[PDB]
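# this one's structure only:
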RNA sequence: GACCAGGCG
DNA sequence: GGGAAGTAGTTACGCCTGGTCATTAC
Ligand SMILES: [Mg+2]
Ligand SMILES: [Zn+2]
Ligand SMILES: [Zn+2]
Ligand SMILES: [Zn+2]
């Protein structure tokens, strides 16, 4: 009943096939009569199809929307050369005898090269290399070895002109033009026994078919006509080109029939050849392209198949889909990571077909009664026959009574359905994942905040697309293969990609720092807010005045970890390494130290968890942050995805609550240095500027040994740049030193939550040297960047150095230098992406078809083995331990801890 | 002494007297006064094929702006009438024709040749010189600056192209060879010619000429212009002994091999290969005459001057080789000239007149040949008058101005005016664009330049690929017009300069150039430049003349052409500025103006050339004896929108760029006459406010009279997640009291068109019988005349105007319903209805819809310091925290967004705004002169608060104070026009493309999203094959095709007898069905359109 | 339906 | 022959707004 396409073969259409498959011959160069009906015999004849409503195609009956169209043909007066096969005709002509049809080779060479063509035929490059040798060696021979006959060279001039050089005398030669009616007759005489030597195939590719004699006409449906509201008709370019071709052919035929001098037909022939050549391809080399009435060059058959809007990359590879939606996104941290908020307006438009069964008849019948305007409802019902019926206010109460097994109902979206969520550009495979629907009143998509990194999204105007699968197989595939919790680990480097971000780290540090303590109400409220299942508070840790019990942050945080976890490492907050060494020694000597001893030697730089109890350290980016998280990485590899999702949700909500009520802010006084720091910075800048004038004067009086790389000037520039960079670093050191951990910006920067030290030293100290493309500013007037400096100046401040901070303001020259430096980032971000995307396109188009077989080998589609074992050990990088095939020490330690306790 | 606060008074008068759109009005006035006459005089006259007839052109005049009704009468026109009725604001043109019979001139006659569009508020517009109340009575906003056209009811503006110098000589060097290429562009009557002379490894100089493919040698082309003797070449080029040796090395290729006519034979052989022998000489002479340096003339007599110029170019080329001249820089602003309206319009008028004259010639010749000489000579005036068709000019000018496609291949000359608010329009009227291609990187062109100081804004630029290639003029920038050159040349010749012909240049003598061409030599140019500039300061000559010198090459440059960009400065002599306190007083009282200050010699204009010799001091207390000029006001180097940011020197450059670009999108009261004004889209803010912290420039430029944005009470605090990642939280009660409320407008248009014959449209309530008749519910509030009643609620798909088209020929006797309806996803209330008549008698109606919009989730809010975001959550008032002094925040911003962007200016502005609100007086924040931070902190400490800006707040839920003091202040905020109500979109089923039967494109026509190729690659990478099948095929085009199994072609199914058979081969049993996408069937059909035959081999399963 | 110009991530 | 020198082929993905077309001489 239903078949599938197994293979496709290519060839060249013979005139017999064109004349047989055609349904009508076109003679009249017109489309529509005065009334509006197609003109009989014109390029819009009814036999080739119908488009306008109210007309019937007499070839196959049908209507204006169900007729696929049928072909037509034109009988050319005289043959013309196909532009696509122009070069091949030249190669064939200059490598065969002029009057017998045989090839310019002997029998021994024919056998030798047939024995070579027999093998290595499935390949492309080798088969092309073989053909070139035959052409090269047969081009030189000037006499046919099969028949005694003289030969002459042939010159080819683009696009479709062939010249023959013949000797009028020994020293006098004249060039003769080969008209197509001679080339076809010459080509017709080549025997098929030597065609494979030329690279053709006798069954379905014959040389004499490259010279057209009859030209097919595409059907009406391949060139639709649009009726404008003004009453005038709009027609496709192909129609105009065909009309021109038909008119020229008719005039040439009439001139030939009526008799005329040779100079007339030999010019009409050239005009017709030009028209056909432009019709097939409008960008052929060395020919003025055809121009429309508006001056725009016409689009033709060749242009429809190439480019970013062609039939291949425009419609076949990617096409517009039906069930989709688009809107802005807004943050929502109160939903789990695998859910998405959907506006009630969209949820009432997109529909999910469902088949009524015995376990869901009641719900479906209830939904149908609500109609299409209340939220839980349906828009259409399908009877078993196949009719589609629209639910209306006068039909619901009777359609809900006819519902029975076998029917189909297009209901609305509910909580629990699964949809596809996408953000463009789709850079890697994690840009599309499946989420569970959750309906919201307002009109924006809601997204959890820990899911932002893989999407690379930010809430400043971004938009995202949503797709709804329709068939049960698609829903099952999305549910099993595309779940969010299944993509916590990134396949690029085998590390966590979904994790905490921004406040999720600052709140954790505020919760787990030294000296943090909480009252009873705060603890109960935070534990209830996070969602933890608890019915009894643990023992209090310390008593305030008036005997108020208090709990520490570590005790509260320990309630989220699994019971048998154990790990230790060092985080970014390590300042003095002589205090972590004692803890490492204590752990090493006795594998399970007494908790009191550990609590006595606690330090924020050393994280240590013992049997689910956090004994020392503080939360940081290395705890559960992206591409650095350790606890999350251990959890996802030892307990499952579900436990990781639960832990992620609970920890995020707890940290958000902690940061919300304790208070977190930054102000203008966060960059206020004492006077001595400013004095030290000023002295540093002064000495740095002073020790550059000495170098400048040294270069001015010779006395300077150049580095062997380049001339003296480049060495001077390099020395100056090194001095300035060292000066900036030295100045930033004291600014780092004089700002304590109490400052909120330092907290927010040293924990990896946001920013870095460079921002702090730029805000509280000098900006430093600006540069473009790695060299100092030199564009401007002759010898000086700006008009306010003396010509021929090489001073530090005269070529880009800025000695001011963002807080203290900038002088106009420094402002101009800063703008000059800052333009580079914008232009680089504008420029790089094009070539990056081109390289990614090439790479993805080269390595697409490589699978993994059941034997563990990677094979190309033809069957060639590329790798005898994927990678070199058959280990998936996504499932690897940070690149390593297996982490031995972790397994040893965990097993020893499990047994020796 | 003079303090920086005094120079501001002088700087104000510049804007108070000149304006902001001078570069358009001045250029258009110059074009009107002189361009038309020059263009007319270029042609001379008409030479028809009549034996004894010829016409000579006279004068040209421009009439009053008027419109002609179709019934015959002509009546005055006003801009608002043209805007409403979709007409064109133009004025007629008149020309005098002098008939010549047998060589004797007759009495002149005057005919109308067409109509010319009029720049608004120009020297010929009806609004010139009117008072404010006169403009009010005419419906115009007095704040409107003018300077744009009105084409077919739409407003067009001409941007300025940043072309290269028109006649200079630029040298360079490429690394792919050792070529020392010097190329020039030559302009004559709008024709651009590129000429290059260079050397290579052979050491022989070669020349490239348009239409001459081969690089003919230098001596060959020199001898074509005469001066064949070998002494003449060396005398023409130079006199340096090394140059003499190089030239002796060069001559041997042509010194004793060719003569003057032999080189002509060579050139004829090249330009006309294998043609007639006599043809070659004429072709070569023509090419030499009008393709080699056309700006020197096309007469054969100018060949000696052409040879001299070519020798000078070759001398520069060879001087580069010996390292006697550094290579020129293309990005230096002394080598670039701007194109204004007065030159583009000149080119367009030239081409249109060139068409018109040929049309007139053809008409006269045909009429005389047909009717006979007696009719022509019976009434010569009537014969001339009735042979002119005045449409070829008007239509060709109007279409070019409307579409924006200039003749010569240029695109984007004319653009639609941006009318979102005041700043957008004012900034759009001062654009500068580059003609380079956008896609290529162009690393050198996009970079900032030192010469841009004071001429181009360094921060206002687009963000996408257009970065760097589109720029905006600074505030001090002043464009220049052109003065006649013959007077300047004859003045320059009268103070010691000897002509070039009389004396040959030598290394001990200075050279003198005028507009790029060499005119003579002098023995001392250092005194000459001083004399010329002193004469300019005195007032003897015009101020558009700039003189500069280079002592390395001993050259003096004089410029008098238009297109240069200049800035004003204060003259400094003997270490003392020439501006005194009494001058400032006189300016303040009103006795003295800016033009008088220019005339008296206190202030002079400098272009990029004169600034080479200058040494400018920045502040009045930094001047010394070495300095030659004093900067007027450093804060004015910024553009117009980039000047809005308070304390712009405390921010990072990208944030300033973002703020400047984003300042052109905020909502606010744009223009006073928005009610009458008819626009496709519009916006209005209910309660606009003046910023508390502002720059003094905005008061001067008139921004305070049309503000946009309101002041919010902002607290920097981290809330419960809903304000993370650049999200903001807004109070609800503040919204309920009118904060950030706005209204949206939209206009619909309908026309009662006339068809061929008696067929016509009609305004009418459609009957139920007519085809396409919608539901009777939609025609709910239409009056019986077919128009909707104002102030009536309308929903989506409701009908505004009822129209019934004539029947469509196959349906007979059935009118078609083609009513205009509201967009399917909009909602509002009808505001006004206008009935009028078009320019050809047809009726016309315009309807506007008013919609109220309140802030909600997803709306975009943004300050002027580059911080943007969307509303994340709306909070009830009782849940927000409150300060212990009684203040409740109006907005919450995440503290995580501050450190990364390093926008300290926002904190400075918050402190300043709170201080200003407490003190009852606004705070000045004008760039480098505004109030310092420490003063504001001390004032805040004095007023009773804390100097750090922090306060104590109480939690809005628990009810107890937080552990940390919270920064809080007042910050100006703006509401952008990217609302969420215009972005929501969803599709289930709808219309499809005709050709490919795939879903349509666009939100406006119920289109669908595109599943691009990387989405397919992502789906492949996941491995979901069935998902790919569903998304790419099931939800898109899908069809069933009958395939013949025996031969592989597609079978044919007939509905007439339900029989299926293969047409090419007689097979009727092996026919099978295959399921495939329709696009692939179209691909197969297109492949079969060419001679390629694809054969299909089926398989089971 | 195709072009042109300007914006958003 | 191995040096020019002259073709020939490419240059990220979505989305939004508006404006113009789609001959003419007799
Ligand atoms: Mg973004
Ligand atoms: Zn049919
Ligand atoms: Zn032979
Ligand atoms: Zn068949």
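The structure has been received and is ready for your questions. Numbering: from 1, shown residues only, chains lettered A, B, ... in the order given. Ligands and ions are numbered 1, 2, ... in the order given.
# quick one: contacts for the residue of the stretch 801-950 of chain B found nearest ligand 1?
At 9.2 Å from ligand 1, residue B:868 is the closest residue in the stretch 801-950 of chain B, using CB to the ion. Just so you know, the C-beta spots here come from the backbone N, C-alpha and C atoms, and that holds for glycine as well. With contact set as CB atoms under 8 Å, 6 or more residues apart in numbering or on different chains, residue B:868 has these partners: A:460-461, B:658, B:662, B:726, B:860-862, B:976.
# contacts made by stretch B:386-401 with the rest, please.
Residues contacting stretch B:386-401 (CB under 8 Å, 6+ apart): B:88, B:90, B:93, B:111-117, B:149, B:151-152, B:156, B:348-349, B:351-353, B:355-356, B:359-360, B:363-364, B:367, B:406-407, B:414.
# go through those residues and flag which are in strands.
B:90, B:93, B:111-117, B:149, B:151, B:156, B:414 (DSSP state E).
# just the buried ones from those?
Neighbour counting over those (16 or more other CB atoms under 10 Å in any protein chain shown) leaves B:90, B:93, B:111, B:113-117, B:149, B:151, B:156, B:414 as the buried ones.
# buried ones in stretch B:28-40?
B:28-32, B:35-36, B:39-40.
# so how far is it from its chain's centroid?
23 Å (CA atoms, centre = their mean, to the nearest Å).
# against chain A, how distant is residue B:565?
Residue B:565 sits 14 Å away from chain A, going by CB to the nearest CB, to the nearest Å.
# quick one on the thing from earlier: and the ones in strands among the contacts of stretch B:386-401 as a markdown table, adding distance to ligand 2?
Formatted as a markdown table, the ones in strands among the contacts of stretch B:386-401 follow (distance: CB to the ion, whole Å):
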| residue | distance to ligand 2 |
| --- | --- |
| B:90 | 53 |
| B:93 | 58 |
| B:111 | 60 |
| B:112 | 58 |
| B:113 | 56 |
| B:114 | 53 |
| B:115 | 53 |
| B:116 | 56 |
| B:117 | 53 |
| B:149 | 52 |
| B:151 | 47 |
| B:156 | 49 |
| B:414 | 48 |
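# looking at the contacts of residue B:868, which are in helices?
B:658, B:662 (DSSP state H).
# out of the contacts of residue B:868, who's nearest residue B:832?
Among these, residue B:976 lies closest to residue B:832 (CB to CB), at 27.0 Å.
# closest residue of chain B to ligand 3?
For chain B and ligand 3, the shortest gap (CB to the ion) falls at residue B:1091, measuring 28.9 Å.
# who's in contact with that residue?
A:12-13, A:82, A:209-210, A:212, A:216.
# number of residues surrounding residue 497?
No chain was given, so I picked chain A. Look at residue A:497: counted by other CB atoms under 10 Å in any protein chain shown, it has 18 neighbours.
# I was thinking of chain B, sorry if that wasn't clear
Residue B:497, neighbours per other CB under 10 Å, totals 20.
# related to what we said a few turns ago, ok, and the most crowded of the contacts of residue B:868?
residue B:862 (25 neighbours).
# what pairs with that one across the strands?
Residue B:862 has these beta-bridge partners by DSSP bridges: residue B:868, residue B:974.
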